[PDB]
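Input: a single structure, listed below in structure tokens.
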Amino acid sequence: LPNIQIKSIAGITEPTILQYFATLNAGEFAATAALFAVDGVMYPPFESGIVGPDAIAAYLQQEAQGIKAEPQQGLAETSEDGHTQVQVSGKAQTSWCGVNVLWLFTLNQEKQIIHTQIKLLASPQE
Amino acid sequence: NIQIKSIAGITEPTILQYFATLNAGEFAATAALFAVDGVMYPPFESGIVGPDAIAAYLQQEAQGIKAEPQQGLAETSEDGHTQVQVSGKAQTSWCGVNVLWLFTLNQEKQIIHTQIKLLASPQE
């Protein structure tokens with residue numbers, strides 16, 4: 001339904017990850033939340049984990065409006081349990097705040113998001 | 001003497017060496033990867049500058065640590081510095097945590113900055 005288009009960016013091809021950033025950047029926060037498993041968890045940098053699509057969507061509607069996320073490179077590795085761990089580095093910005101960020105996703109066998117963790121990083125500045 | 005843990009996405013020898021010497025308890029070798037003014041920032045211990053102090057810190061506080069780096073990303077900035085982010089686990093026989101190691105290397109590939117951040121272990 002979302003007229004969001006999915007396209008390989010920053011060398012990532014995993015469809016769930018591409019959809020995560022595309023819906024996030026379009027403000028389609030209900031669609032972002034729907035990528036999570038029923039018991040999936042979002043771990044923001046400065047908040048407690050948020051559990052489940054309903055809570056995740058509400059959180060995004062209240063804290064992430066105006067976010068522009070720019071993935072810059074990514075790597076996916078599938079383990080033997082069949083889960084996929086994805087690591088993405090890049091930038092996130094509003095009109096008044098910017099941060100360099102590392103996203104860590106774990107996907108289950110159906111490629112639903114089990115958990116997402118967002119961590120800040122510092123640049124080579126002194 | 002030492003065994004590399006290979007790290008998906010990372011070939012950088014200084015990074016692979018950091019985890020191999022750490023896991024071997026070869027802590028003076030770990031410290032020698034840092035620049036003379038390089039700094040390490042552990043989760044619960046502020047900041048430690050220089051190979052001499054870093055080696056002594058590790059010998060006292062990291063005995064029996066076992067680090068399992070799983071994957072990483074590396075980026076070179078225009079100035080020639082290299083930033084590397086490695087996610088994984090680290091544990092003793094009584095303590096486990098999920099970990100994000102953040103490295104900055106200078107142009108000679110010495111470690112000028114490491115920060116060790118904890119990720120969400122008790123997720124379930």
Side-chain angles (χ1 to χ4, degrees), chain A residues 1-79 81-121, chain B residues 70-71 73 85 87-89 97-100 102 117-124:
Chain A
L1 183 99
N3 309 57
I4 71 97
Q5 99 174 3
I6 283 322
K7 169 167 118 203
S8 194
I9 284 325
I12 87 159
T13 55
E14 284 281 338
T16 297
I17 306 303
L18 292 174
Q19 300 175 255
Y20 178 91
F21 288 105
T23 57
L24 192 71
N25 276 330
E28 287 298 316
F29 295 142
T32 310
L35 302 164
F36 285 75
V38 61
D39 54 334
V41 189
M42 182 149 285
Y43 287 102
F46 310 125
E47 247 191 82
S48 279
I50 298 105
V51 185
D54 285 337
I56 292 173
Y59 159 82
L60 293 169
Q61 291 158 168
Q62 258 316 123
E63 293 284 334
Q65 180 117 39
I67 185 178
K68 163 62 100 63
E70 175 167 311
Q72 273 165 357
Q73 66 193 149
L75 181 170
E77 226 68 14
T78 310
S79 42
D81 53 7
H83 292 183
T84 307
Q85 285 201 60
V86 185
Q87 187 174 313
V88 178
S89 76
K91 274 150 27 63
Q93 230 162 21
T94 66
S95 80
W96 50 273
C97 200
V99 286
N100 306 285
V101 317
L102 184 82
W103 291 265
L104 295 146
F105 308 84
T106 305
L107 316 179
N108 64 16
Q109 299 233 246
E110 266 305 308
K111 301 302 198 293
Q112 313 171 292
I113 307 173
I114 272 183
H115 69 234
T116 305
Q117 297 185 255
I118 298 88
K119 303 294 288 183
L120 307 204
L121 59 104
Chain B
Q70 291 159 357
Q71 42 207 288
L73 297 170
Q85 302 87 216
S87 65
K89 331 189 290 213
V97 298
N98 297 118
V99 183
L100 176 62
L102 306 169
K117 294 189 178 197
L118 297 201
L119 305 169
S121 46
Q123 358 132 297
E124 253 130 24

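So you know, we letter chains A, B, ... as the sequences are listed, proteins then strands, and number each from 1. All values below come from the heavy atoms of this structure, side chains included, with hydrogens, waters and symmetry mates left out.
Between atom OG1 of residue A:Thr78 and atom CD of residue A:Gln109 there is a gap of 9.5 Å, rounded to the nearest 0.5 Å. Distance check: A:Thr106 OG1 to B:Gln123 CD gives 7.0 Å after rounding to the nearest 0.5 Å. A:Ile113 contributes atom CD1, which lies 6.5 Å from atom CE of A:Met42 (distance to the nearest 0.5 angstrom). For the atom pair OG1 of A:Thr32 and CD of A:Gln61, the computed distance is 9.5 Å after rounding to the nearest 0.5 Å.
With sequence neighbours excluded, the residues satisfying ring-ring contact (aromatic ring centres under 6.0 Å, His included) with A:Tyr20 are A:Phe105. Residues satisfying the side-chain contact (heavy atoms from CB on, under 4.5 Å) criterion with B:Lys117, sequence neighbours excluded, are A:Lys119, A:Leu120, B:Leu100, B:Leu102, B:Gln115. Remark: A:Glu110 pairs with A:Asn108, A:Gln112 by the side-chain contact (heavy atoms from CB on, under 4.5 Å) rule, at least two apart or across chains. Scanning for side chain to side chain donor-acceptor pair (under 3.5 Å) contacts around A:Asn3 gives an empty result, with sequence neighbours left out. Every salt bridge (charged side-chain N to carboxylate O under 4.0 Å, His left out) that B:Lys89 has, sequence neighbours left out, goes to B:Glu68. With sequence neighbours excluded, no residue forms a side chain to side chain donor-acceptor pair (under 3.5 Å) with A:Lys68. For A:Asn100, the side chain to side chain donor-acceptor pair (under 3.5 Å) test picks out A:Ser123, with sequence neighbours left out. In this structure, the side-chain contact (heavy atoms from CB on, under 4.5 Å) partners of A:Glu28, at least two apart in sequence or on a different chain, are A:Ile4, A:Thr23, A:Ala26, A:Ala31. For A:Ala64, the side-chain contact (heavy atoms from CB on, under 4.5 Å) partners at least two apart in sequence or on another chain are A:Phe29, A:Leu60, A:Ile67.
Contact detail for A:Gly90 and A:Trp103: the closest heavy-atom pair is N-CZ3, 3.8 Å. A:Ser79 and A:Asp81 make their closest contact through OG-OD1, 2.6 Å (heavy atoms, listed as atom of the first residue, atom of the second, distance).
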Between side-chain atoms of residues 6-19 of chain A and protein atoms elsewhere (two or more places apart, or another chain), which donor-acceptor pairs fall under 3.5 Å?
residue : atom : partner  : partner atom : Å
A:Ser8  : OG   : A:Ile12  : O            : 2.8
A:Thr16 : OG1  : A:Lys111 : O            : 2.7

Distance-only donor-acceptor hits, side chain of residues 46-59 of chain A, under 3.5 Å, sequence neighbours excluded:
none

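In this structure, the side chains of A:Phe36 and A:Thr116 come closer than 4.5 Å at one or more pairs of heavy atoms. By the 4.5 Å heavy-atom criterion applied to side chains, B:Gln85 and A:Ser89 are counted as neighbours.
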Walk me through whether A:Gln85 and B:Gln71 qualify under side-chain contact (heavy atoms from CB on, under 4.5 Å). CA-CA 9 Å; A:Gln85 285 201 60; B:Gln71 42 207 288; 3.2 Å; yes
